[PDB]
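One chain follows as structure tokens, the form deposited in one PDB entry.
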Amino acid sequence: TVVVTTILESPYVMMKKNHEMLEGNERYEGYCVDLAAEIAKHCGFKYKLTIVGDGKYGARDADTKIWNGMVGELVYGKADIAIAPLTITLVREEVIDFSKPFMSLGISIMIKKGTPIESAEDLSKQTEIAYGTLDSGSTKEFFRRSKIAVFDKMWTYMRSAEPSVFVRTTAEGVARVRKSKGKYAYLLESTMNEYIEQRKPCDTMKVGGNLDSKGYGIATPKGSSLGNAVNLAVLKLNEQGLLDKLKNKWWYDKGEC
């Protein structure tokens, strides 16, 4: 039985409303729960879904050099595979193996409906509408290291804006956009932006094209015997149109706006 590690993040993995009457894998539902079933079917294995112990995705402590979250569970042998919205990054690819991406994404802009902003360039040219990102992570790092004029201008602003424009969590960034009467725009992953856009109170909107490109991949321990099969399954699913179908179902078919 393959131990799958995942994380509670809507609409990827959520508790069914009646989860208390259920048990095992049936307690969960969502995009990744559906994806796990597909992968298992094509790779030919039985599995058990478990929620990552520390509820984190995967980062290496600069001091101890220890990995936490799902990457950690894979690295230290606590799980056999990770199916969740885990970004494929150089540092993680150095310690675990990733499948080809099952979803493509990029940094995007979230605004409260009605805000007169249509792109990052628009944000960089004005001042009365503040904007920020998570206080740590790839999105913040993207701006900090950019050599592109527009993003350099945005980073210069964000790094010294007052009050601070950074937030610690997604919920924090979304709430700020929603209570700032259009005076705050949040920079986040397009997938989350797109999801929130389809959820009540339906007062946010994703604008402009993505600022960068990346994707989520299924992860397995280095030199795992599941790596090859899982990679082929992800390609087969995309070719069959199933990845797009799954995305449309959990983002739009179940939308509230």
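For clarity, a rigid core is taken as the largest C-alpha set superposing within 1.5 Å between two forms. The first residue of the shown sequence is 1; numbering continues from there.
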If you take the mean CA temperature factor per stretch, which one wins between 143 to 151 and 124 to 132? 124 to 132
Quick check on the record: does 104 to 112 or 157 to 165 carry the larger mean Cα temperature factor? 157 to 165
If I read the C-alpha B-factors straight from the PDB entry, which of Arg176, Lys78, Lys183, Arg92 is highest? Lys183
Top Cα B factor in the deposited entry, candidates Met21, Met14, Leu242, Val234: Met21
Lowest, middle or highest third: where is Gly227 by C-alpha B factor in its chain? highest
Considering only modelled residues of the same chain, in which third does the CA B-factor of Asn193 rank: lowest, middle or highest? lowest
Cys257 CA temperature factor, ranked by third within the chain: highest
Just say lowest, middle or highest third for the CA B-factor of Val2 relative to the other modelled residues in its chain. highest
Compared with the other modelled residues in the chain, in which third is the CA B-factor of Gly208? highest
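Same protein, other form: the form deposited in another entry, not shown, and the subject of what follows.
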Would the C-alpha of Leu134 be classed as shifted by 2 Å or more between the shown form and the other one after rigid-core alignment? yes
With both forms fitted on the core, give yes or no for whether the Cα of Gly208 moves by 2 angstroms or more between the shown form and the other one. yes
When the rigid core is used for the superposition, does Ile96 move between the shown form and the other one (threshold: C-alpha shift of 2 Å or more)? no
